[PDB]
Amino acid sequence: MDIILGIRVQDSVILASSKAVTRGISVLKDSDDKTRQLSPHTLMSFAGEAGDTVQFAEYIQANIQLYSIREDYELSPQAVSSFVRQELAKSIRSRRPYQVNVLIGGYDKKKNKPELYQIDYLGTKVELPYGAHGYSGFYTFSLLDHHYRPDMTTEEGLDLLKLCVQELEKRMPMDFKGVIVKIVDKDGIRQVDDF
Amino acid sequence: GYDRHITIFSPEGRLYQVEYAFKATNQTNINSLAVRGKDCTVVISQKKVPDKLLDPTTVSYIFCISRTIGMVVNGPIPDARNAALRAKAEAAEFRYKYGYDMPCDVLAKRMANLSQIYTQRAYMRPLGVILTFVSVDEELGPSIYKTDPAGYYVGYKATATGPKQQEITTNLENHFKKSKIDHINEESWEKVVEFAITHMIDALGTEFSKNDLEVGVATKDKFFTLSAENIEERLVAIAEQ
Amino acid sequence: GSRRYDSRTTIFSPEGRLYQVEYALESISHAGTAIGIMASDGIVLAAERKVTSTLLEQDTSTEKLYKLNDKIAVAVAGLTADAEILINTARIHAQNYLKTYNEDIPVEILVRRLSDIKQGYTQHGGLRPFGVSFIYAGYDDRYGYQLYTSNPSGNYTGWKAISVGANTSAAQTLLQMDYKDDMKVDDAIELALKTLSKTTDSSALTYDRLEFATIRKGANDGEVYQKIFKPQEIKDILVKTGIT
Amino acid sequence: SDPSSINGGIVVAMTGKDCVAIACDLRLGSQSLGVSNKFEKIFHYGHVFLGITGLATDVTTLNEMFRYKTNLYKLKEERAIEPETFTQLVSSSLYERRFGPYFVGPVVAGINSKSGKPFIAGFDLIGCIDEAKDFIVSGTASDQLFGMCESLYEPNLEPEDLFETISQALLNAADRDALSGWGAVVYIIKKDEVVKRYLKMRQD
Amino acid sequence: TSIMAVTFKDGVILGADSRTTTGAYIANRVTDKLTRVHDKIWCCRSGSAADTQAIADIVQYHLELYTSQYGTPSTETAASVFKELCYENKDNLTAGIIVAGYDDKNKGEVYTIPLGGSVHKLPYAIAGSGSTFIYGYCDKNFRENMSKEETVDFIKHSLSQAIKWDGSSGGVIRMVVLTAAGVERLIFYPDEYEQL
Amino acid sequence: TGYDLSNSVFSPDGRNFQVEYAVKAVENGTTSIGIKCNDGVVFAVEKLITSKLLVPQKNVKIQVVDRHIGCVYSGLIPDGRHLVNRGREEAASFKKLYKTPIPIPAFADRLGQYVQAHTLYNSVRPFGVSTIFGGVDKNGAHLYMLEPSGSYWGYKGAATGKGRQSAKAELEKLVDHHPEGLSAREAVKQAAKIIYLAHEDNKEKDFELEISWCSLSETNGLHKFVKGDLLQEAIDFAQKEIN
Amino acid sequence: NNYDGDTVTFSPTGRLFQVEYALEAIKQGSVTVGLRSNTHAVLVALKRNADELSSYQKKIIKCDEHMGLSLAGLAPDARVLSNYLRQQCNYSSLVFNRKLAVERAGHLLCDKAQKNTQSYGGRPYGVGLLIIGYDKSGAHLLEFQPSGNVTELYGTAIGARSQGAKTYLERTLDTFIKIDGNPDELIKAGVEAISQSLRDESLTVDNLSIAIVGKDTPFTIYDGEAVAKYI
Amino acid sequence: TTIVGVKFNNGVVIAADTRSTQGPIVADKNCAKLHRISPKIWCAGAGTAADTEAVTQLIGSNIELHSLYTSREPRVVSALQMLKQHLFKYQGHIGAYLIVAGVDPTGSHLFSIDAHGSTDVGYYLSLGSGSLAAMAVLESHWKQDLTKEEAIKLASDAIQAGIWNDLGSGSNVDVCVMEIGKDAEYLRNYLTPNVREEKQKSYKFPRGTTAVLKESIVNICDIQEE
Amino acid sequence: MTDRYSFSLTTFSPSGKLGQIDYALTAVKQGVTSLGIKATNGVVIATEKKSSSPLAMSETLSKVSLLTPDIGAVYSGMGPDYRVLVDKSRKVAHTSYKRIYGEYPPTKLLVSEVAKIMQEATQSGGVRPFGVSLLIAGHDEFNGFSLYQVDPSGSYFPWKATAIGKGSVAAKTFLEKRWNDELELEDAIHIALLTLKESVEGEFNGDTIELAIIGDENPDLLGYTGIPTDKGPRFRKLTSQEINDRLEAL
Ligand SMILES: [Cl-]
Ligand SMILES: [Mg+2]
Ligand SMILES: [Mg+2]
Ligand SMILES: [Mg+2]
Ligand SMILES: [Mg+2]
C-alpha cells in the first residue's frame, strides 16, 4: 500500500496510515486499516506488495500472541522489533521474499517510555523519534525536522501530524483517501475516530 | 546370553563373535606363507581340489588386487571374494583421487578399519577371513601386511597363516635367528620361491606336486601368479640339490 | 531380526513407571552431592567431587559446576559426559534467544528447553535417557534470583534450597531446618558448606574435594557477577566458616 | 540496485605506537534519503573491535552472528578471543556464503592481550584478508579514504596524535561522499583503556 | 587442435600437435594431447582441455577397475566407456575424442567420438579445428595395411598441413605407436615437418 | 545355544547355521545337473509330475540370462527366480557400460556377491537354492555351481538336489572315460541318462525331462532349449540305458 | 517352534513355518474350482456367508477384458495382488499396445510374493489364487500359492475339501479338455466338479459364483439368477 | 598479478609480485601470494584472491590428514589431482588460477592449474595479468640445466617484467625455493625496488585541531567482583 | 538390509549401572600399561610395544600417535578402536577448529571433541562403546602444558601424572611418591622409564618401549624456513637410541 507515518512524543507513539486500496485502475476500498495489534502495548503498521503485507503482519501477530500465552508475559517493543527484523532478514534471501515495510510503535511498561522502530523489507532496523516508508518521508521530514520536540504532548503530536498529512494531500499525485490514526501509550492502544 | 550373538562386550570385556570369526578362518584347512627377498615379495598357499568334477583352474585363494598389490586369503571363499572386490574398488578409487598407486600398508589399514567397524556396529557381522597383502612398495620396498577379523594389522618380515601356522612360524623364526637379517638375501625371485616352498615342506613334513601349491610373486611395478608348469620348474630345482 | 536385542527403553511398567528413568535416578543417587541455596541478595552453588587423588590437577579441573551464560550456571550430578552434551545444547539455546530477541534468555525458558529434550528420550527414539540431574542457578529481571532442578524424566521444579546426588534425604532435612527467607549470601555460603560437611561419606571436608560458586548482585551497581571459586579461595572460605 | 551502496557509510582503522584507532560515520540512508544519524558501525567483542560497512541489514546480522560466536568461544575456551583469531573467524564465516554473500566490508582492530602488539585487518565481501601494517579503509568513500590516509599517515604516532590523523582522514573523506557523514565516532584503543569520541561535522 | 589416429598392418598410430590456446594466446606450446587410459589403449583429445582431462581420468579409473576384475578390456569396451560419459553429459561437455588401441585378437582399432556422443568405428580418423583443412588430403592418400614407416609419413604430412593452415594448431608433432612389440613415443620438430 | 536362530551369527565352531539350514531346502528339491562339453554347456532338470492335471512342457524351469547364459536350480523355486532376476539386471548393466556381453566368470561373481550379501545381516534370509549356470564367452565354455553360502567354483560336471549323489557318480565316470572331451550332442544324450538314473531317489511319482544347451557349433553360442526330435532322441537313449 | 517367529528364519530341516502357516489360511477358505478347454476357461467358486442375514463373500475378481482370478484365504490380500495384476495388465496395454500373457502374469505374481518371504518386518500373503485367461496362445489356467509357486494346469481346486473336486477333474481330464465351442457344457463340468467338495450344504442361487473367458468371450462374472440355469 | 614457476637442476622455484587490486585501486601494497599446501609443496595464486586461499587451505588441510593416514610425506600429484577435481566440480565458478610446485620422494615437480580444472606440465610457467610480460622474459632466457642461482634470477626477472609493464602487478618480489633433500626456503620480499620517496611535508596536526562533541570511557573489561 | 538397530545397546540396569561401559572398562584393565607425567617445561607419555610375534615388525604399529603438532596420544585396551579414534580425532581437529579459526585447537578442547565421540557410542543406536582409555598430552599458548585421561564413558579428567591398564594401581602409587611441581622434562622421562620397568616382564629397551614428549618447539622438524612465527612442532617421538641412552643413566 502507500503512506505510513509514525511519531514518538513524550508519553506515547502515534501511527498514521492511509485508507485507500487501489487495484491498478480503480480504488476498491477507502476505509482499509493497515495495522495489527501484536500485544496490548505494541502496534505494527505496514506497507508493500499486495497480499504479502497482511500475510506477514498476521504471521507476526500469531507468533507474538503465542509467546504471550506460553510465558504469561508481554515482550518489550525492542524484543518484538528484533524478532520482526530477523524474520525479514531471513526473508530477503528466500525463494520469494516478503516485500513488506513496517513501523512498530510500542510503549515499554518496564522503562515507562514510548518507542518507535522503522524496519524495511530488507531487515534494516532503526529506532527513531519519527519515521516513514516509501515517498512519505520526502514530503514530511522537513516539517518534522523543524517542529519536533522530545517533550511534545500527544495533542501537539497530532497537530504536527495534521500538518504533515496536509502537505501530502497538496503535493502527492495519488489520492490516498485520508489516514487512520492510532495512539499507543501506557493504557494501551486506541483509535482517533475523527481526523 | 545375547552378548555372544552380536558384537557387544561380555562381562570379561571380550567380543565372542570376533573370536568365532577367527575360528571360521581355518574352515578351508589351508596353510599360507609369505616371505621377502631383496627385490621381491613371495606368497605361497596350499591348493586342495577334493572333487574330480571341479575345474581346478578356478579354485584359488590368491587375488590380484591392483597391478602392484597381491592378496592371499585364509577363510571361506564367499567372504574372501567379498574382501577382494572391496579391496580392488578401494585401490582404484585411491589412484583416481590422490594421483598415485595405493601402497600395500595403506590398503591394509583401510581394510582393517572396515573390519573394526564390523566389531563395533551390531548389524554388520565380521568377515571370517585373514587377509595377507603383499607388494614391492616404491617407498618401503618389499612389504607384507596382514589383517584379521578383530581389525588388527601389522607389517611382517615374514608370516604364516592357517591350521599349522605355529609350525611354519617357528621354522621361519629359527632361520632369521641364524641369518640375522630381515629378508632372504637372494637376487632372483625364482630362488626366493624355492626358499618358501622348501621351508613349508620342512615345517609341515609333506611333499608337494605342481597341483598341490599356489604361488604369487610381487616385483617392482607388478604382481603375478605362477602357472602349474612354472611351479613344476620350481619343484624340479628343489629336488636337484 | 533385530527386535530380539531391543531393550525397549521407552515403556511403562505395570505400575505406570518408566523403567529407565527410575534406574537412571538410582545411578544419580551414587553421584557426588550438589547443593543450591537461594538468598535475597544472591545464590550459592556447592558440590562435592567424588573420591579424588593427590595427583589430580584441581585448578584446571571441572566436573560439577558449569557456566551456561553470564547470568546462569548449573551444578551437575550423574554422568559427566552426558551432562556436557546437554550443557552445550543449552549454551546454544541461550545464544539463539539472544540473537533473536536481543535480550538475555529468561532462566525458566532455558530450563524448560533442556527439560523438554530429556523428556523426548523417555517417549520416543528407543535410546537410553541422559543419566543427569541439574541444579540451575540464575538471574533475570522478571523473577530475579531463581533455583531449579531437572532430572532424567524431564520434570523440573523451583526451589529456595535443594540438593541432588548422594544423601539428598539427609541433606534436604538439614536445609529445611536452618533455612530462613530473609537469609543473605554469606549466611547461605555457611549453610551449604555445613550441610555437605555432615552428609559427606568422606572422613573430612577439604578444599581439594569441593567445587564452589556464587551468583551475586555484589557487582558494582545494577548488574550480576558469577564467581567460580579457585582452590585457594575454597580453602579460605573453609577456614572463615570454621570447618578446617 | 548495487547492494553495497544503498545505505552508504565508511570505516577506517589505523595503527600507532602501542595503540590502534578505528572510526566510522553515523549515516544510514535509502539512496538519496537520509534516514538515521545514529547508526554506529563499530562493535566490540571483549577487546576486539569490528567495523562493518555496506548493506545495513547484513551489518546488523553479522554483528549478531559474531556476538553469538564469540560468546560460545569464550565459554568453551575460558578466555576472550584475540584479534588474529577473530580475523580468521570473520574470513571463514564470510567464505561459507561464497555464492550468496553478505554485502559488507568488515574491518578488525585491536591489541593482542599477551604480546601487546597492535593489529588491524580488512576484508572483501567474501572473506579475503588484507592485513596491513599502516591502515585499512572501507565503504562508499574508500577511494577518498585511501587518498587521505596515504598522505596524512606516518608510523609510530602517539595515541593523542593518532586521534587527530584518523579524525581528519574520516571527516574530509566523508565530505566528498554524498552517502557518508551525518556524524562520526572515533575509538582510541590502548592495552587496558579505550576512549570513544564523537566528532562535530557538517550535517548535509 | 589437430589430431588423428590411423590403423596399419602391425597395429595403430595416434598423432597430435602440441598447441593449447586461450583466444589468440598460446597458453602452452608443448602440450601432450596423446593420453593413456590403458597399457595399449590411448586417446587423442580435442575441445575443452578441462573436460577431456576429466573424462580421460574417469575412463582410466574405470578401465583399471575393469582390469582388476575381468582382465584386459577391449578397445571397443574403452570406446563405450568414453561414449557413456560423453552422451549422458552432452549438455555440459565440449569434447571430441578419438580412441585407439591394440588387441592381439582384434589388432589395431580406431573409434571416433564427436560432440554429440555418438561412436563411429573407422580405419582412420581425424578431428580438431585443423582437421577441416586435410579432409581432402587424407581421403586421397590413406591406404589400408600400410607399413609403420608409411603410416608415420602419412600422419606427419597430414598434421603438417593442418598446422600450416590452422592458427589454433602448432608446435611439435607427437605420435604414439601401438603394436604387439609395445609402446613407442615419437616427436617431430618444426624444422623437420615445415620443409615437407 | 541360540546361535542357529539368527542369520549372520557365528557359532562357537565358526559356522553360520542358518546357511546350513538353507542347504537342507536345496537337498529337499528336485535333481538338476550341468555338463561341460567341448565347445559349450548342457543343462538338465527333473520335473516331478504331481498330477495328471499339469500341462506337459508348460511349467518351464530352466531360465536364460542375456542371450548366452543358462541357469537351473534346485530348492525353493521362487528364490531361484529372484536370483535370476538380479542376474539379468547385472548382465544388462555390464553390457550397457562395457558394450560386450558379460563373461561367464564375471557373471558368476555378480551372483556370488549377491548371495553372499544375504549371509551378512539378520534382516535377510539366505537363498534356499543351489544354482548351476554357465555358457559361452570370448574365452570359451564355462560351467559354475553356486551354493547358499555364496560359494561357487568352476566345474567339469555339476549336480544338486535330492538325487545328487547318484548324479555325481555318473558325472565322475564321464570325466574319467573322456579326458579328450565330450561333444555337445553326446552331452545332451548323457544328460538325459543321468536325470533318468537320478530319478530313483524320487521314484514314487513319474517325471518330465527338460534339457537346454549353449554350444559354439550347434547353437552359435546362444542358449536354446532342446525340443522335438532331438529331445525325443535323448529320451529314447535314456530309456534304453535304464533297461 | 523356535523358528516360526518371523519369515526370515529357516528351521533345522530347511522349512519356512510362517509361509506354511500362510498356506494354512487357504485350507480354511471356501472351495473354488478352475478348469479349461482349448477355446474357453472357467472359474467356479462356492461363496461363504457369515450368517442368514449376511451377504455371500465375493470370490471372483476381474483383472482385464481377457484375464481374472478366484480367491481362497485372506480376501484383503487378494485385493492387493489383483490390484497389482490390474496395473501390470494395464502397463502392458498402454506402453506396448499388448495384452499381457497369462504365463507372464504368473511370473509377476510369483516375484511379488517372494519378496515378502525373504525380508524382515513383512509377512507372506495369506491367500491362494486361480487365474484364468485367453491370450495369443489360447486358454490358460494358473494356480498361485503365497510361497511364490505358480503352476499352469488343465484344471485344479483350492480351499477346504478341494481334494474331492481335484480327483474328479483328474478322472474327467480327457472329456472336459475336448469341450470346444460349447461354454454351457464346460461350466456344467465345473459345477459338477465343485459338487464333489460339498457336505451338508448344496448349491443355491446366491451361493454359486461362475466366471468364463474364451475366444470371442470377454471375462464376465455370473451371480444371482444368472446361475440358476446351472443349479 | 604476476606469478611464475621455474625448474632447475635439483628442484623448483616459484615467485610472485605483491600487489592486490580492487579495480584500478591498490588494496594492499605488500600482499602475500605464495601459499603453503604442505612444508615442501607451495603454490602461487592469481584471480579471485579469496578463492585461491580458500582452495589452497582446504586441499592443504586434506593433504595433511592424508599424510598422517598413510605415514608418508605428501606428493605434488596428490595436491594437483585434489585441486583440479575440486575446481572442475565447480565449473570455473571458483576463480582460482594456480601454479603448483614442490619436492617429494618421487622428485621435483611443476604444474599449472586453470579455474575450469585443466592442468599442464612444464619446465617454466607463468599466470596472471602479467603472465605475457613474464613469459616473454622466460622465453628469452630459459635454458636446460639451470642452477639454483640461475633459476632464482630468471624467476625474479620474470616477475619484474610484470611489475614494471603490467598495471595489475607491482611492488615487491616474493620467492620460494624447493630443493631436493632440503628444507624449502621462503624468501619474503626477496626484492624491494618500489620504496616510496620521503614526502615534501609532514602532515602531523596540532593537538585539538578536531572538533569534539562527547568523550566517554568504553568498558572492555568483564563484569567486576564486589 | 538397512541398519535396523536404531535402539540403544547400552542401557541402565536396576542397580543404576551402565553394563556395556563397565565391561568396556574391564577390557581396558586387561590392556597393556601406558602412563603420562607432566613436568614444568614438558609432558611425557609412554607405553610398552607388546609385539604379538617376533616376525612382526613392531615399528609399523604406532601406539603413540601425533594428533596435532603440539598434541599427542597413547592408549590402553583395544588397539583397533584406538586407531579409528586417532583418525577421527585428527579430522575433527581440522573440521571443527582449524578450518574455522586458522589455528590448531587447545588440548582441552580437542580432548572434549574426542570425549563427545566416545559418549555418542555409549548412547547412539546399534553400537557398543569404545574399548579404550586414552591419555592425551599437549601444549597451547594460553593453557601451557597439560595431560588428560579419557574413558569409554566419555568422561575426561586432567592429571599431573597417571597410569592406565594392566598395572595402573601399582604404577599410580609409584608416581605419587616421585612427582613434584619442580620437575624438569628429563626428570619426568627418567621417572617414566622407572615406573614402566615394573609392569614389563621381558625385554626392556628402545625397541620394546614407545615414548614421546610434548616439549620445546622443534624448528628442525618444521620442513621449511622463512616465517618467524612458525617455529615447529612441540610433539616429538623419541628414537630407539635416545631411549637406550637414558637407560644407562637409570
Ligand atoms: Cl578408513
Ligand atoms: Mg557387528
Ligand atoms: Mg557527505
Ligand atoms: Mg545532503
Ligand atoms: Mg599454426
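Heads up, chain C uses Swiss-Prot numbers, so what you see runs 2-245.
Keep in mind that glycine also has a Cβ here, set from the backbone N, Cα and C atoms.
If you look up Swiss-Prot, you'll see C:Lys100, C:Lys199, C:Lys231 marked as ubiquitin cross-link.
The Cβ neighbour count for C:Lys100 (ubiquitin cross-link), using a 10 Å radius and every protein chain shown, is 17. All protein chains considered, the CB of C:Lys199 (ubiquitin cross-link) has 12 other CB atoms within 10 Å. Contacts of C:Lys231 (ubiquitin cross-link) defined by a Cβ separation under 8 A and a same-chain sequence distance of 6+ are given as C:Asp60, in order along the sequence.
Annotation note: C:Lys199 (ubiquitin cross-link) sits in a helical segment as assigned by DSSP.
Residue pair C:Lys100 (ubiquitin cross-link) / C:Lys199 (ubiquitin cross-link) shows a Cα separation of 45 Å.
Contact annotation for chain E: of the listed recorded sites (C:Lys100, C:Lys199, C:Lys231), none places its CB atom under 8 A from a CB atom of that chain. With a threshold of 8 Å between Cβ atoms, the recorded sites C:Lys100, C:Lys199, C:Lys231 that neighbour chain D are C:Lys100.
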